[PDB]
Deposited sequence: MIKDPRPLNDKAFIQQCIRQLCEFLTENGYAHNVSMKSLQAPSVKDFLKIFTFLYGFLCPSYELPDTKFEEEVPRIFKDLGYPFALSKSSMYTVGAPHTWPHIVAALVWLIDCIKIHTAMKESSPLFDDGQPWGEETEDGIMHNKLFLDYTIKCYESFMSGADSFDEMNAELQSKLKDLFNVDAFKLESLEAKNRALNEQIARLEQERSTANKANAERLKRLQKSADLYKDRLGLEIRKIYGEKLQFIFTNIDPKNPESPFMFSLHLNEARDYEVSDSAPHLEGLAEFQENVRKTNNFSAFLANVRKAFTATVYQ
């Protein structure tokens, strides 16, 4: 983000960059002795060793070409997206008093990249813009189809079967499980319509038999002259031989 937001003239700022450089090497197993003292003015040789170590974290088993290092190192920084140019000549004079401040800054920027990368490695999409839901499953299927296609085809029935199986489990639906309840819920509806018919025949056979037992009750009350809830005992006045003798 040109510009240099960094105070490369502040000795305290540089010394602090040096300290980070020192700490990172010591704490991440750099194979050579380093110290605040040894990093005040490194040689081109030691610089190249330190740089090979660091860039190693982003390009495993990297080693620098035995020629044209003045071109490689800046190109490497450029491609990593370092915002500031590294001159061909500063490479030749890395630890010199007007150069080291710029280089150590670059190294400390490289260390931050590494920290970022390192992090997004330890710590570690099912909807798609085309309209695919359950993308992880679709990807699994597409991949398996592609590999098959890869070899011979042009059928993917193994794949389609496996996919069908996984869709059966994910939705719990079968052409059988759906059909089973189809006749199963139809079976109790006719039975409910049949249980309705019992309760409908129970209404007419109750209201007609209670209307028929009342007429017989009137027939007994008139013939025998007896009401329960007596007459004709020579008065027809309201009130067996105990009642007839009084």
Practice task
Could you list the ranges of the deposited sequence that have no C-alpha atoms in the model?
Solution key: 125-133, 239-248, 253-255, 262-305, 313-315
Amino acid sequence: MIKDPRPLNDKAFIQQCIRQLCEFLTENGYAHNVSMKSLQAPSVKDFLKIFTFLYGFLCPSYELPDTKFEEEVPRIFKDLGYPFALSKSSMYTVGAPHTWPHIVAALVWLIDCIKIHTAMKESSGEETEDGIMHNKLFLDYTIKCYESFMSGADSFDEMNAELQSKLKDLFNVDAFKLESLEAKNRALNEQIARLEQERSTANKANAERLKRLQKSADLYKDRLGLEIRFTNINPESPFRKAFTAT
From here on, numbers count along this sequence of modelled residues.
Completion exercise
Comparing 102-110 with 89-97, the higher average Cα temperature factor in the PDB entry belongs to 89-97
Handout entry: Higher-scoring stretch by recorded Cα B factor average, 70-78 or 144-152
Key = 144-152
Fill in the blank from the handout: Comparing C-alpha B-factors across 54, 192, 41, 31 in this entry, the winner is 192
Handout entry: Residue with maximal Cα B-factor (values as given in the PDB entry) among 163, 120, 175, 132
Key = 175
Fill in the blank from the handout: Tertile call for residue 62 (CA temperature factor, within chain, third-based) is the middle
Practice task
Select lowest, middle or highest to describe the third in which the CA B-factor of residue 1 falls within its chain in this entry.
Solution key: middle
Practice task
Tell me, lowest, middle or highest third: where does the Cα B factor of residue 206 rank within its chain?
Solution key: middle
